[PDB]
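Structure file protein25.txt (compact mmCIF, C-alpha atoms and all ligand atoms) is printed below.
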```txt
# COMPACT_ATOMS: atom_id res chain seq x y z
CA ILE A 51 -3.36 -60.50 -89.64
CA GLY A 52 -4.90 -60.41 -86.15
CA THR A 53 -4.26 -58.32 -83.03
CA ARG A 54 -1.55 -58.60 -80.34
CA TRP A 55 -2.83 -58.84 -76.79
CA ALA A 56 -1.09 -59.13 -73.43
CA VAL A 57 -1.80 -59.80 -69.77
CA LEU A 58 0.85 -58.43 -67.35
CA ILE A 59 0.55 -59.36 -63.69
CA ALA A 60 2.62 -58.65 -60.57
CA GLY A 61 1.32 -61.18 -57.98
CA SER A 62 2.57 -59.42 -54.85
CA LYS A 63 2.03 -56.34 -52.64
CA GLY A 64 4.24 -54.35 -50.23
CA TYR A 65 7.02 -51.84 -50.87
CA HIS A 66 9.74 -54.51 -50.30
CA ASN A 67 8.20 -56.27 -53.44
CA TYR A 68 8.94 -53.12 -55.58
CA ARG A 69 10.70 -55.37 -58.18
CA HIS A 70 7.59 -57.32 -59.28
CA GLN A 71 5.70 -54.16 -60.23
CA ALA A 72 8.85 -52.57 -61.78
CA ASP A 73 9.34 -55.75 -63.92
CA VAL A 74 5.71 -55.66 -65.17
CA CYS A 75 5.80 -51.89 -65.85
CA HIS A 76 9.02 -52.40 -67.83
CA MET A 77 7.22 -55.08 -69.96
CA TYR A 78 4.38 -52.58 -70.60
CA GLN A 79 6.91 -50.04 -71.99
CA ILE A 80 8.27 -52.68 -74.43
CA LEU A 81 4.73 -53.48 -75.70
CA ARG A 82 3.82 -49.77 -75.99
CA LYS A 83 6.99 -49.05 -77.99
CA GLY A 84 6.18 -52.06 -80.20
CA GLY A 85 2.74 -50.73 -81.12
CA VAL A 86 0.63 -52.98 -78.90
CA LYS A 87 -2.48 -50.97 -77.90
CA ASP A 88 -3.66 -50.20 -74.30
CA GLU A 89 -7.14 -51.66 -75.07
CA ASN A 90 -5.35 -55.02 -75.66
CA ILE A 91 -2.98 -54.96 -72.62
CA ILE A 92 -4.56 -56.07 -69.37
CA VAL A 93 -2.53 -54.89 -66.36
CA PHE A 94 -2.71 -56.36 -62.82
CA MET A 95 -0.48 -54.35 -60.42
CA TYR A 96 -1.18 -53.61 -56.76
CA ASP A 97 -0.26 -49.95 -57.35
CA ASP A 98 1.26 -49.36 -53.90
CA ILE A 99 4.76 -48.37 -55.14
CA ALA A 100 4.73 -45.15 -57.24
CA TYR A 101 3.13 -42.94 -54.58
CA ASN A 102 4.30 -44.92 -51.52
CA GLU A 103 5.57 -42.75 -48.66
CA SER A 104 8.77 -44.93 -48.80
CA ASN A 105 9.44 -44.26 -52.48
CA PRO A 106 12.26 -41.67 -52.74
CA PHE A 107 10.90 -40.59 -56.17
CA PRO A 108 7.07 -40.21 -56.07
CA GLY A 109 5.35 -41.02 -59.36
CA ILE A 110 8.39 -42.95 -60.62
CA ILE A 111 9.26 -46.65 -60.75
CA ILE A 112 12.60 -47.82 -62.20
CA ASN A 113 13.62 -51.40 -63.13
CA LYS A 114 17.42 -50.71 -63.38
CA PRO A 115 19.86 -48.23 -61.73
CA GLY A 116 19.69 -44.97 -63.73
CA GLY A 117 16.76 -46.36 -65.75
CA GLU A 118 13.76 -44.56 -67.22
CA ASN A 119 10.42 -44.20 -65.35
CA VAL A 120 8.62 -47.44 -66.36
CA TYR A 121 5.42 -46.47 -64.45
CA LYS A 122 4.51 -43.65 -66.85
CA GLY A 123 1.28 -44.38 -68.77
CA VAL A 124 0.81 -47.96 -67.52
CA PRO A 125 -2.92 -48.91 -67.51
CA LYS A 126 -4.53 -49.94 -64.21
CA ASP A 127 -7.05 -52.66 -64.98
CA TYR A 128 -6.86 -54.55 -61.71
CA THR A 129 -5.24 -52.94 -58.68
CA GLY A 130 -5.21 -53.66 -54.92
CA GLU A 131 -7.28 -56.67 -53.89
CA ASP A 132 -8.85 -56.88 -57.40
CA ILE A 133 -5.73 -58.91 -58.29
CA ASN A 134 -6.89 -62.44 -57.47
CA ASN A 135 -7.38 -65.90 -59.11
CA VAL A 136 -10.99 -65.13 -60.10
CA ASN A 137 -10.00 -62.02 -62.13
CA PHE A 138 -6.68 -63.30 -63.49
CA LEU A 139 -8.27 -66.54 -64.78
CA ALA A 140 -11.41 -64.79 -66.17
CA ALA A 141 -9.11 -62.28 -67.95
CA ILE A 142 -7.13 -65.14 -69.58
CA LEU A 143 -10.34 -66.91 -70.60
CA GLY A 144 -11.81 -63.69 -72.02
CA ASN A 145 -15.10 -63.76 -70.11
CA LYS A 146 -16.09 -60.25 -68.99
CA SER A 147 -19.16 -61.60 -67.11
CA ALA A 148 -16.86 -63.66 -64.79
CA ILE A 149 -14.79 -60.66 -63.55
CA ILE A 150 -15.62 -59.56 -59.97
CA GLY A 151 -14.27 -56.04 -59.46
CA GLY A 152 -11.81 -54.17 -61.66
CA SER A 153 -12.03 -52.62 -65.14
CA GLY A 154 -13.50 -55.66 -66.89
CA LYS A 155 -10.75 -55.66 -69.56
CA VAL A 156 -10.27 -59.35 -70.61
CA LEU A 157 -8.73 -61.39 -73.49
CA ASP A 158 -11.83 -61.27 -75.72
CA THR A 159 -9.62 -62.50 -78.55
CA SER A 160 -10.30 -63.92 -82.03
CA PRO A 161 -8.62 -66.98 -83.69
CA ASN A 162 -5.88 -65.02 -85.55
CA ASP A 163 -4.81 -63.03 -82.48
CA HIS A 164 -1.59 -63.52 -80.51
CA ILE A 165 -1.40 -63.47 -76.69
CA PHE A 166 1.58 -62.77 -74.46
CA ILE A 167 1.21 -63.30 -70.68
CA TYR A 168 3.90 -62.26 -68.21
CA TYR A 169 3.64 -62.96 -64.49
CA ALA A 170 6.19 -61.77 -61.89
CA UNK A 172 6.36 -62.47 -58.08
CA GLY A 173 6.31 -68.85 -55.97
CA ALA A 174 6.56 -72.21 -54.23
CA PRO A 175 6.25 -75.85 -55.51
CA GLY A 176 3.00 -76.02 -57.47
CA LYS A 177 1.86 -72.43 -56.90
CA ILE A 178 2.45 -68.73 -57.55
CA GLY A 179 1.42 -65.79 -55.41
CA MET A 180 -1.53 -63.46 -55.35
CA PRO A 181 -1.30 -60.29 -53.14
CA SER A 182 -3.53 -62.12 -50.57
CA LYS A 183 -4.50 -65.80 -50.29
CA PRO A 184 -5.58 -67.87 -52.09
CA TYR A 185 -2.47 -68.38 -54.18
CA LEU A 186 -2.76 -69.68 -57.77
CA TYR A 187 -2.22 -73.45 -58.04
CA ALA A 188 -0.66 -75.18 -61.10
CA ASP A 189 -3.76 -77.30 -61.85
CA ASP A 190 -6.09 -74.28 -61.80
CA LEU A 191 -3.88 -72.19 -64.14
CA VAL A 192 -3.43 -75.12 -66.58
CA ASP A 193 -7.21 -75.91 -66.48
CA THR A 194 -7.86 -72.26 -67.54
CA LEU A 195 -5.35 -72.65 -70.39
CA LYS A 196 -7.18 -75.84 -71.43
CA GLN A 197 -10.49 -73.91 -71.43
CA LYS A 198 -8.92 -71.11 -73.53
CA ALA A 199 -7.55 -73.66 -76.03
CA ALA A 200 -11.00 -75.32 -76.30
CA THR A 201 -12.55 -71.95 -77.35
CA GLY A 202 -10.02 -71.71 -80.23
CA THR A 203 -9.90 -67.90 -79.72
CA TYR A 204 -6.16 -67.41 -80.39
CA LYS A 205 -3.50 -68.29 -82.94
CA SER A 206 -0.66 -68.79 -80.47
CA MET A 207 0.24 -67.87 -76.87
CA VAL A 208 3.56 -67.24 -75.09
CA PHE A 209 3.53 -67.26 -71.24
CA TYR A 210 6.58 -66.00 -69.30
CA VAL A 211 6.76 -66.69 -65.51
CA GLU A 212 9.11 -65.04 -63.02
CA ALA A 213 8.67 -66.89 -59.71
CA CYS A 214 10.41 -69.40 -57.43
CA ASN A 215 9.81 -73.00 -58.72
CA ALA A 216 8.17 -71.39 -61.78
CA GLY A 217 8.43 -74.52 -63.94
CA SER A 218 6.26 -76.41 -61.39
CA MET A 219 3.26 -74.49 -62.82
CA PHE A 220 3.64 -76.35 -66.19
CA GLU A 221 5.89 -79.45 -65.82
CA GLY A 222 3.91 -82.57 -66.76
CA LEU A 223 0.66 -80.52 -67.11
CA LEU A 224 0.80 -77.93 -69.94
CA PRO A 225 -0.42 -79.46 -73.24
CA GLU A 226 2.04 -79.54 -76.14
CA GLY A 227 -0.39 -79.32 -79.08
CA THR A 228 -2.51 -76.22 -78.33
CA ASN A 229 -0.09 -73.49 -79.48
CA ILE A 230 0.90 -72.41 -75.95
CA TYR A 231 4.64 -72.01 -75.24
CA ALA A 232 5.82 -71.20 -71.67
CA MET A 233 9.19 -69.97 -70.40
CA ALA A 234 10.01 -70.00 -66.68
CA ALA A 235 12.82 -68.28 -64.70
CA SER A 236 13.55 -71.53 -62.84
CA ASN A 237 12.69 -75.22 -63.00
CA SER A 238 10.24 -76.99 -60.59
CA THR A 239 12.78 -77.42 -57.76
CA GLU A 240 14.77 -74.17 -57.84
CA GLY A 241 14.33 -70.72 -56.44
CA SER A 242 14.73 -67.62 -58.60
CA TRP A 243 17.02 -64.67 -57.91
CA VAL A 244 16.40 -61.01 -57.24
CA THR A 245 18.85 -58.44 -58.72
CA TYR A 246 19.70 -54.66 -58.65
CA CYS A 247 19.76 -54.64 -54.83
CA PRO A 248 21.47 -52.13 -52.52
CA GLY A 249 25.15 -52.67 -51.65
CA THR A 250 26.19 -53.26 -55.28
CA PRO A 251 28.75 -51.09 -57.16
CA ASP A 252 27.19 -47.89 -58.60
CA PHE A 253 23.73 -48.17 -56.97
CA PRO A 254 21.30 -45.26 -56.24
CA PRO A 255 21.75 -44.41 -52.55
CA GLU A 256 18.07 -43.45 -52.14
CA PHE A 257 16.85 -47.12 -52.36
CA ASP A 258 16.68 -49.91 -49.77
CA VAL A 259 14.82 -52.41 -52.06
CA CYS A 260 15.79 -54.54 -55.10
CA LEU A 261 14.72 -52.93 -58.42
CA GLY A 262 14.20 -56.11 -60.44
CA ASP A 263 14.39 -59.90 -60.68
CA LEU A 264 17.37 -61.50 -62.42
CA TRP A 265 15.60 -63.52 -65.14
CA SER A 266 13.11 -60.68 -65.79
CA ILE A 267 15.65 -57.85 -66.26
CA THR A 268 17.76 -60.22 -68.44
CA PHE A 269 14.88 -60.92 -70.92
CA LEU A 270 13.45 -57.32 -70.63
CA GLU A 271 16.80 -55.60 -71.33
CA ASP A 272 17.28 -58.08 -74.23
CA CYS A 273 13.90 -56.91 -75.68
CA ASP A 274 15.07 -53.28 -75.34
CA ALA A 275 18.35 -53.87 -77.20
CA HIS A 276 17.18 -55.73 -80.33
CA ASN A 277 15.01 -55.58 -83.45
CA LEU A 278 12.27 -58.00 -82.33
CA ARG A 279 11.49 -58.91 -85.97
CA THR A 280 14.94 -60.63 -86.21
CA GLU A 281 15.06 -62.36 -82.80
CA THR A 282 12.88 -65.40 -82.13
CA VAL A 283 11.46 -66.60 -78.79
CA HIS A 284 13.84 -69.63 -79.10
CA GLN A 285 16.90 -67.37 -79.53
CA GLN A 286 15.81 -65.34 -76.45
CA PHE A 287 15.36 -68.63 -74.50
CA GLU A 288 18.89 -69.76 -75.37
CA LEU A 289 20.47 -66.33 -74.71
CA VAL A 290 18.76 -65.77 -71.33
CA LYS A 291 19.23 -69.40 -70.22
CA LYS A 292 22.98 -69.11 -70.87
CA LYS A 293 23.28 -65.64 -69.25
CA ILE A 294 21.83 -66.68 -65.88
CA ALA A 295 22.85 -70.41 -65.76
CA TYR A 296 24.76 -69.69 -62.48
CA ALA A 297 21.53 -68.65 -60.68
CA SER A 298 18.67 -70.78 -62.05
CA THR A 299 17.80 -73.07 -64.96
CA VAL A 300 15.60 -71.20 -67.50
CA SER A 301 13.01 -73.74 -68.57
CA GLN A 302 10.49 -74.17 -71.40
CA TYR A 303 7.21 -76.05 -71.59
CA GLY A 304 4.28 -76.70 -73.92
CA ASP A 305 4.27 -76.31 -77.72
CA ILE A 306 8.05 -75.81 -78.29
CA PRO A 307 7.78 -75.18 -82.12
CA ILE A 308 5.78 -71.99 -81.32
CA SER A 309 9.15 -70.54 -80.12
CA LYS A 310 10.31 -70.37 -83.80
CA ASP A 311 8.17 -67.14 -83.98
CA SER A 312 9.94 -63.77 -83.86
CA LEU A 313 9.37 -61.87 -80.59
CA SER A 314 7.63 -59.16 -82.70
CA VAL A 315 4.74 -61.64 -83.25
CA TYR A 316 3.82 -61.04 -79.58
CA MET A 317 5.52 -57.76 -78.68
CA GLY A 318 5.73 -55.75 -81.92
CA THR A 319 9.02 -53.81 -82.45
CA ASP A 320 10.45 -50.39 -81.47
CA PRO A 321 11.47 -48.49 -84.64
CA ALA A 322 14.45 -46.97 -82.72
CA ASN A 323 16.15 -50.45 -82.81
CA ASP A 324 15.68 -51.16 -86.56
CA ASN A 325 19.48 -51.22 -87.12
CA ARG A 326 20.08 -53.65 -84.19
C1 LIG A 401 -19.16 -66.22 -68.79
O1 LIG A 401 -19.27 -66.21 -67.36
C2 LIG A 401 -20.63 -66.11 -66.94
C3 LIG A 401 -20.59 -65.87 -65.45
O2 LIG A 401 -20.14 -67.01 -64.75
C4 LIG A 401 -20.76 -67.11 -63.52
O3 LIG A 401 -20.26 -66.10 -62.63
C5 LIG A 401 -18.89 -66.26 -62.23
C6 LIG A 401 -18.53 -65.03 -61.43
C7 LIG A 401 -18.74 -67.58 -61.48
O4 LIG A 401 -19.61 -67.60 -60.34
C8 LIG A 401 -19.13 -68.70 -62.44
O5 LIG A 401 -19.05 -69.96 -61.77
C9 LIG A 401 -20.55 -68.51 -62.94
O6 LIG A 401 -20.90 -69.52 -63.88
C10 LIG A 401 -21.37 -67.38 -67.35
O7 LIG A 401 -22.73 -67.25 -66.96
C11 LIG A 401 -21.29 -67.53 -68.86
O8 LIG A 401 -21.87 -68.77 -69.27
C12 LIG A 401 -19.84 -67.47 -69.35
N1 LIG A 401 -19.81 -67.45 -70.81
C13 LIG A 401 -19.12 -68.34 -71.53
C14 LIG A 401 -19.33 -68.28 -73.02
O9 LIG A 401 -18.36 -69.15 -71.02
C1 LIG A 402 3.50 -48.31 -48.88
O1 LIG A 402 4.32 -49.43 -48.56
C2 LIG A 402 4.01 -49.95 -47.25
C3 LIG A 402 5.04 -51.01 -46.94
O2 LIG A 402 4.79 -52.19 -47.70
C4 LIG A 402 2.58 -50.47 -47.25
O3 LIG A 402 2.30 -50.98 -45.95
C5 LIG A 402 1.62 -49.34 -47.57
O4 LIG A 402 0.31 -49.87 -47.71
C6 LIG A 402 2.00 -48.62 -48.86
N1 LIG A 402 1.31 -47.35 -48.96
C7 LIG A 402 0.87 -46.81 -50.11
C8 LIG A 402 0.27 -45.43 -50.00
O5 LIG A 402 0.95 -47.39 -51.18
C1 LIG A 403 16.32 -78.38 -61.60
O1 LIG A 403 17.65 -77.87 -61.76
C2 LIG A 403 18.63 -78.47 -60.88
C3 LIG A 403 19.94 -77.77 -61.14
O2 LIG A 403 19.99 -76.51 -60.49
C4 LIG A 403 18.70 -79.97 -61.11
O3 LIG A 403 19.62 -80.54 -60.19
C5 LIG A 403 17.32 -80.58 -60.90
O4 LIG A 403 17.36 -81.97 -61.21
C6 LIG A 403 16.29 -79.90 -61.79
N1 LIG A 403 14.96 -80.42 -61.51
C7 LIG A 403 14.15 -80.92 -62.45
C8 LIG A 403 12.85 -81.48 -61.97
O5 LIG A 403 14.46 -80.92 -63.64
```
Here is a file; write its structure as structure tokens.
Ligand SMILES: *[C@@H]1O[C@H](CO[C@@H]2O[C@@H](C)[C@@H](O)[C@@H](O)[C@@H]2O)[C@@H](O)[C@H](O)[C@H]1NC(C)=O
Ligand SMILES: *[C@@H]1O[C@H](CO)[C@@H](O)[C@H](O)[C@H]1NC(C)=O
Ligand SMILES: *[C@@H]1O[C@H](CO)[C@@H](O)[C@H](O)[C@H]1NC(C)=O
Amino acid sequence: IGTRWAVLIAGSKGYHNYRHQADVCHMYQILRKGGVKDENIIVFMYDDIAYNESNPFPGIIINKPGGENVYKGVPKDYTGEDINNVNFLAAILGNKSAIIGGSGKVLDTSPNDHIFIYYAXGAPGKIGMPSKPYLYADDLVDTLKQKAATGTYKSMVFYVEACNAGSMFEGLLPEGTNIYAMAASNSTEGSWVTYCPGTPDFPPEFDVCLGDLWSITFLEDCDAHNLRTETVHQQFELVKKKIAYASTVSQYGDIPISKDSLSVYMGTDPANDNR
């Protein structure tokens, strides 16, 4: 019962920030393969990578060496300077009349729907937007409190790839409104980039990192398993263990929500039914 929705947002701009847009495009491919529909996936990506004069492969974005083109077919709801706090927060709330610029696609969800939000690109108490102002912890949590008050969702999972990512939720995110959050790092740690030049077996055409460590770890995990048999809690434990040497994967909010299979939010790719 209900519909799966998602909001994917890369909070940065500039070719050196290739990884944030590659991470978000990779998440789109997982949702598309799982049967989540484009009308229910709101994408915020600056869109300055695929056709950049510096990109050695125009029209292509990869999130791993030798990987597939993750840019192919990704919707463009909010690009360029339309990625900002006003539009990101109105999209989460689901109020089309509060969007200023962009497609107007928002989470106009119903009570049995599921929501998955993934943000990639931070400092204590804030995460980036392509231009100032940045998004502050209190303002993001206040929007989540407004969304909970409307009652227009069954449960929500929010994944954040950023430095000090846990600072967006620590001591603020409510625990009884069906919102579970997972962060690449805790409130006082930075997060790591990965797939950078100068590593064994790396495409010689690139001078930028292709992904972020926590992101490619959870994204590649989604690609390799039947999401009906892996829960959010099992992914938390697996990814937390895998990257313990770099940062402390952290969880906040309504922890029992993580008993849900990942397919509740992402669907599942029939090619991995045996895995
Ligand atoms: C949906 O949003 C409407 C527009 O909000 C107004 O415009 C935005 C851009 C901001 O300036 C905001 O402060 C304004 O209030 C509201 O008129 C409307 O009541 C909202 N609907 C619901 C159900 O919340
Ligand atoms: C390409 O990347 C450069 C470096 O960040 C940026 O200044 C420029 O705006 C981008 N151009 C396009 C066409 O996306
Ligand atoms: C964050 O993780 C580090 C370990 O890398 C730990 O020393 C620190 O106490 C943690 N901070 C919080 C607020 O939990």
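With distances restricted to only C-alpha atoms and all ligand atoms, A:242 is the closest residue to ligand LIG 403 (chain A) from A:90, A:268, A:242, A:286.
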Next on the checklist: For a quick check of understanding, using all atoms listed in the file, which of A:154, A:248, A:123, A:318 has the smallest distance to residue 262 in chain A?
Outcome noted: A:248
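The interatomic distance for the pair CA of residue 149 in chain A and atom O3 of ligand LIG 401 (chain A) works out to 7.8 Å.
Residues of protein, DNA or RNA having any atom at most 6 Å from ligand LIG 403 (chain A), counting all atoms listed in the file, are residues 237, 238, 239, 240 and 299 of chain A.
Restricting the calculation to only C-alpha atoms, the smallest distance between residue 79 in chain A and any of A:317, A:259, A:230, A:178 is found for A:317.
Residues in contact with ligand LIG 401 (chain A) (atom pairs separated by at most 8 Å; only C-alpha atoms and all ligand atoms) are residues 136, 145, 146, 147, 148, 149 and 150 of chain A.
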Item to check | Test item: residues lying within 8 Å of ligand LIG 402 (chain A) with only C-alpha atoms and all ligand atoms, as number ranges by chain | outcome: A: 63-67, 97-104
Taking all atoms of range 192-206 of chain A that appear in the file, build a box with edges along x, y and z, extend it by 5 Å on every side, and state its centre and edge lengths in Å to one decimal, as JSON.
```
{"center_x": -6.6, "center_y": -71.7, "center_z": -74.7, "size_x": 21.9, "size_y": 18.5, "size_z": 26.5}
```
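Rounded to one decimal, CA of residue 127 in chain A and CA of residue 163 in chain A lie 20.5 Å from each other.
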